[PDB]
Amino acid sequence: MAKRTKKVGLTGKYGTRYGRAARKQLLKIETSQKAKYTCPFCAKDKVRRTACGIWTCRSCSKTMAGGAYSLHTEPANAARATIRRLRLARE
Amino acid sequence: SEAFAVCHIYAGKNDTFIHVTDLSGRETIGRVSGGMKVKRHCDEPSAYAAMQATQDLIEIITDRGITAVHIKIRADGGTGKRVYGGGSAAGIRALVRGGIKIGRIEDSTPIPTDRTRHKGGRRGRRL
Amino acid sequence: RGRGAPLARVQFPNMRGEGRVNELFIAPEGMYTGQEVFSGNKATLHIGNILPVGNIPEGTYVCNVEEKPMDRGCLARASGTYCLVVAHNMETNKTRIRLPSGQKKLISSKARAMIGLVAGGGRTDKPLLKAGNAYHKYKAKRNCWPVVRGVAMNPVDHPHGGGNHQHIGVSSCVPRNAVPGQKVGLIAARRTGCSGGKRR
Amino acid sequence: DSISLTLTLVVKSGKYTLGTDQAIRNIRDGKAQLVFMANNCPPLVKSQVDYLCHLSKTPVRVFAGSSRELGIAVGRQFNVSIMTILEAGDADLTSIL
Amino acid sequence: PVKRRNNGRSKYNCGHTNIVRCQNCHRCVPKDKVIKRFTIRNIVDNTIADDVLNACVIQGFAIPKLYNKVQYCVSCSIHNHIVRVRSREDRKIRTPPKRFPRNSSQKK
Amino acid sequence: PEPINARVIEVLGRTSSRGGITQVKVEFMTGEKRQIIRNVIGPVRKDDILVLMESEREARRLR
Amino acid sequence: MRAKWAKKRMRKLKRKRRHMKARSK
Amino acid sequence: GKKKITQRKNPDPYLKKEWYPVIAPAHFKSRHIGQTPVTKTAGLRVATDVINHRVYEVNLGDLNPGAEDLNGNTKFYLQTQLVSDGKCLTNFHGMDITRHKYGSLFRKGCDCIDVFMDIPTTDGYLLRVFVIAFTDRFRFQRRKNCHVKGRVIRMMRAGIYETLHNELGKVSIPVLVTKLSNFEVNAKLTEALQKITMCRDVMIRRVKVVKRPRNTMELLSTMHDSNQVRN
RNA sequence: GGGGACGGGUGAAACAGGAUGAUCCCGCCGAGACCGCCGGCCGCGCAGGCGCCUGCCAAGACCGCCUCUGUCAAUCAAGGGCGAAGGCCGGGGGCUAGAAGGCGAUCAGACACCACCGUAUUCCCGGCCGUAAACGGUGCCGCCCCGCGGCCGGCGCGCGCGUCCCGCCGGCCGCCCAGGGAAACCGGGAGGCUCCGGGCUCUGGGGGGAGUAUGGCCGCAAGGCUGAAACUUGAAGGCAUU
RNA sequence: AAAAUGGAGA
């Protein structure tokens, strides 16, 4: 196994073309794009990206409006708790 | 029946400011500084500076009806200095020779609960 | 089709006729199929609700803010973009808003918006790569692809035109009050070049 | 500490029926002592179990969270959304009150 | 040619410490190499204590007593004469000299 | 504003780094007994009447 | 700090050789 | 002794000004805090509004005449919530121990205990009471330093949180000001903590209001002169 | 919101702040770091390292024991796992300091020192780097010691019961007796050793050249890791006395 | 505040 030793395996599908910076950046983003994250309600890692932004989990049969390349984009993940902070403070 | 207001006095390595204000401090009785009296940059925060700045304005606070004052001496504080400035106590001395009367004195130095990076580099200042 | 940003269909009970009216909202990240967005003056700050910006507290993350009251959606709609209420000032019933670009503007408190960042973030980080991804991307937008640079075109067409050696021929900075045909270079540049990053 | 310890204590000595449907059947006849439901419970189970529990007086309290985590707590890889406890092996101190 | 056994530090059973910067130098110094003299001083100067005490509008008032730590850097300490380099015999004397139990920043 | 008469209760020490200055401990000859060290140049002896002062300037004993 | 300003000088000498060795070949 | 601006012209910016009397809650027997100035209303500013929401600092000695030993350390910040009869009526906002006493508490040879507790006032003013205490040497301890054992320190942090919970868990701000002014609660903490281990200066460094409810009109009346109904 | 001309900065000065009202004085707030005094011949940990409050998870060492196991032991090439800062690779973040870069002010130059900005960085996540005066400049596991005191961990000892004493101590140590050392000094060793032989890994052989050249390996790169010679020339160095 | 040299070889 380990057919291509270099870590550029998902993006080995490109070959010699497209530079060395773009191929590496793509490897991280592409792997995140097809990754199975865990849908909140299903709590099972069955989610994929239907199209950029909307992701759905086969088991939970629910569509979560997540990020383009990951179920939970890093900035929103924080905003989540900041709304919770203001709200818990309000009452 | 009496009246008192807080002095909120500040000391400085560059220049001291004496800003007698009232209760909350939102409303300012009088503002004075040592630069406004002297004419040399080094003596703007000097020991003579404060003594000259008070008393010149003490009359305006007496006219404004605040005979009694509460001195809250403040050194630069925060990241640097911590201790009082050169011309700090001098200001109280000149106003105390004047009729102003002090009920309580407090330190308002903005001491920090785990401070931000101290200014200057790791070698400090190689003057 | 055109907007990378997700569009979310949400239906509300119509106040008059029994049938429910369906309204399309720019999707805020965290919206789930079956989420009940409670929307109104007394609606909470849970992510997804539509409420008067003045009632929203300071520092909140907001998307789809309205420029003037009841403009039905105006600022902060782009993928991954957000606005922050710096302060709900009551001095003139005007809430401060920090726009995604970072200017400081103000909106009447009666403006309304959705708490939560617009979904679809990180869209431009991935290189488009193959130009074909660009032909397909702009296949849902304007016919603005592919672009031909000014020094390439023959002189009868572009002001930058072409000399013997493909030289712009003059300075790109062109005044703000120039005739429509003239403004082809950088419009009214206040400082050209790359300086101390972009932060001062 | 005690709540997690109780979960391991129930797995070795107590009778634990994992799974939502089994819980309903146990509660209906009144063969129920406690119900621990994870946060990722569908709202319908949360409302329907609340009605069912109120009639049978069966005390129910939420788990710390993650149906997957309740699964890890009862020693099972499979997710457990709600775990009925019958004949608790060694005390029910965890139940609120 | 090791100068001091302590090596200017009290570090025992340790490897690294926190850094506190000199009030004068601004030089970062590990807690171990910093002078750390603790000083207690009255907020007003002693000279005008009498007139301010004379203005005792509130009953039984006392002077504001300030508790602070002074931590000069090694180079800051010698030039501001907080401490003085001493001989081999004087090196082990573990006490500050000139008695002075008097309570003020200036020893007076 | 008038130079205040003072009583040189005692002479302290010679300083200023050239020994020229001789700061002395003083008391008010006219006043509510204010007494403070003042900076003096030239020869001074105890019980001298110094009528050349504005009073506000204050000197110190550290040297 | 002569040692630092010798070592890093040596590194600058080492780098010069690399370009000279490859470009010439 | 009377409003300064009413009779005295004052400086050109201060030529138009006002002076309104501020009155403390009944718990501070010296109700008068003095007079605070504002602009006479010209329609730009409501004279009442600036007075309605401003916080004025009063040390316990000024707030009530009493022993200096228990007055200088305790500072009370009072924020008004209502303006009646052209007078500022103050309401509880916060307390602070002066940097003087907090500095005195710090000593080498002991490790401080600091615990932050949250109190849900029956009134709706979530109040955060911060408690500090210190260690002191045993009377006949052979060693000079009294650093407590870890087991006691874990117990100490738990101990201070309890008692604070019993005394303040179910008490309104009218009860609270009296329990902080009397120092009765600070003492109650000392009795329970003292048995566990020797500890010194078991005082609340500061208590500040995280959130107070809208419409504290009833409280303002209760604080100002309704002591007749409650103790 | 108030009020009223200066404010910054220093070794003096100036660079940029400010009647669109600065500095200042209070309230209200928004992020981002940081956890103050307490804070130590304290403690912890394989070391690098370790300091907000609440909890939660897996431990570690320790001492005590009429608890089994029964030599399972020591040091260890090859092989791994970590490893401060800075650096790098993509994101996120950006409060202060601030490599660069700009200024002013210094000096015959000021490239700098110093003021004032300020980007990378610093903070977090996912990887690479794999080095430091990483130092106790002292590898590890053993044994025998010369006394006097601390600090921390248990655990006993009698005592009018007091953190009282006194040991067992495991670790933190200070001074030091012989002994050793070119000395400085060490002496819970750097001693027991020219009367020179517990065990076991590592390293050195005049000062340069040289960590260079050349191969291999590693890293994305920076760099790491391994590692000669040709030639030079008489000292280089160590601790101490005036 | 500045503040730079000191030929060789007894």
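Residues numbered from 1 in each chain as written, not as in the entry; some residues may be left out. Chains lettered and ligands numbered in written order. Part of a larger assembly, values for the part shown. Heavy atoms only, no water. Residues with missing side-chain atoms left out of burial classes, pairs and counts.

Method of determination for the deposited model, per the PDB record: cryo-EM, at 4.9 Å resolution.

A. Just the sheet that holds strand β3 (residues 60-62) of chain D, in detail. Residues and elements named next belong to chain D. Read across the open sheet, the 4 strands follow the order β1-β4-β2-β3; overall the sheet is mixed. The two strands at the open ends of the sheet, each matched to only one other strand, are β1 (15-18) and β3. The mean inter-strand angle of the sheet, taken between neighbouring strand axes irrespective of direction, is 20°. (Pairing = 2+ DSSP bridges. Helix = DSSP H or I, 4+ residues; strand = E, 2+ residues; numbered from the N terminus. Axes fitted to C-alpha atoms, helices over the stretch in contact; angles between N-to-C directions.)

B. Region of the structure containing helix α7 (residues 184-196) of chain H. Residue and element names in this part refer to chain H. End to end, α7 covers 19 Å across 13 residues, agreeing with the expected 18 Å (1.5 Å per residue, within 8%). Along α7, the residues classified as buried are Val 185, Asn 186, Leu 189 and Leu 193. The buried residues of α7 all sit within an arc of 100° when viewed along its axis, so they share a single face. In α7, those exposed residues whose orientation departs by more than 90 degrees from the buried face are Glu 191 and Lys 195. Buried residues in α7 make contact with β7 (126-134), α5 (150-169), α6 (173-181) and β8 (200-211). (Expected span 1.5 Å × (residues − 1). Buried < 20%, exposed > 50% of the residue type's maximum accessible area, 1.4 Å probe, protein only. Arc of directions from axis to C-beta. Contact = heavy atoms within 4.5 Å.)

C. View of the environment of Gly 181 of chain C. Residue and element names in this part refer to chain C. Mapped onto the fold, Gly 181 is located in the segment after α1 (131-137). On the basis of relative accessible area, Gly 181 is assigned to the exposed category, the value being 57%. Sequence spacing of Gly 181 and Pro 159 is 22 residues, and the spatial spacing of their C-alpha atoms is 8.2 Å.

D. Spotlight on empty space enclosed by the protein. Estimated volume of the largest cavity: approximately 70 Å³. Along the walls of the largest cavity sit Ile 102, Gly 103, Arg 104 and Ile 105 of chain B together with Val 52, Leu 53, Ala 55, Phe 61, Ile 63 and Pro 64 of chain E, which together make up its complete lining. One number sums up the size of the second largest cavity: a volume of about 50 Å³. Along its surface, the second largest cavity is lined by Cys 7, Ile 18, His 19, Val 20, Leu 57, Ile 58, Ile 61, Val 69, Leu 95 and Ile 100 of chain B. When the residues that make up the lining of the second largest cavity are grouped by side-chain class, the tally is 9 nonpolar, 1 polar and no charged. (1 Å grid on protein atoms, 1.4 Å probe; cavity = no way out; pocket = protein on both sides within 12 Å on 5 of 7 lines; lining within 4 Å. Points joined across faces, edges and corners; volume = space filled by probe spheres on them. Nonpolar A, V, L, I, M, F, W, Y, C, P; charged D, E, K, R; others polar.)

E. Focus on the pattern of salt bridges. Residue and element names in this part refer to chain H. Per the counting criterion, the structure on display carries 29 salt bridges over all chains. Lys 75 is paired through a salt bridge with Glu 57; the nearest N and O atoms lie 3.7 Å apart. Of this pair, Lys 75 sits in strand β4 (residues 74-84) while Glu 57 sits in strand β3 (residues 55-59), and the two are 18 residues apart along the sequence. Assessed through its relative accessible area of 8%, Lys 75 is described here as buried. For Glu 57, a relative accessible area of 23% corresponds to the partly exposed category. We note a salt bridge from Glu 167 to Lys 179, for which the minimum N-O separation is 2.9 Å. Taken together, the residues span a long stretch of sequence, with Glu 167 in helix α5 and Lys 179 in helix α6 at a distance of 12 residues. Among the residues examined, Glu 167 registers a relative accessible area of 11% and is labelled buried. Overall, the relative accessible area of 16% leaves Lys 179 in the buried class. (Salt bridge = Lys/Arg side-chain N within 4 Å of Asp/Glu carboxyl O.)

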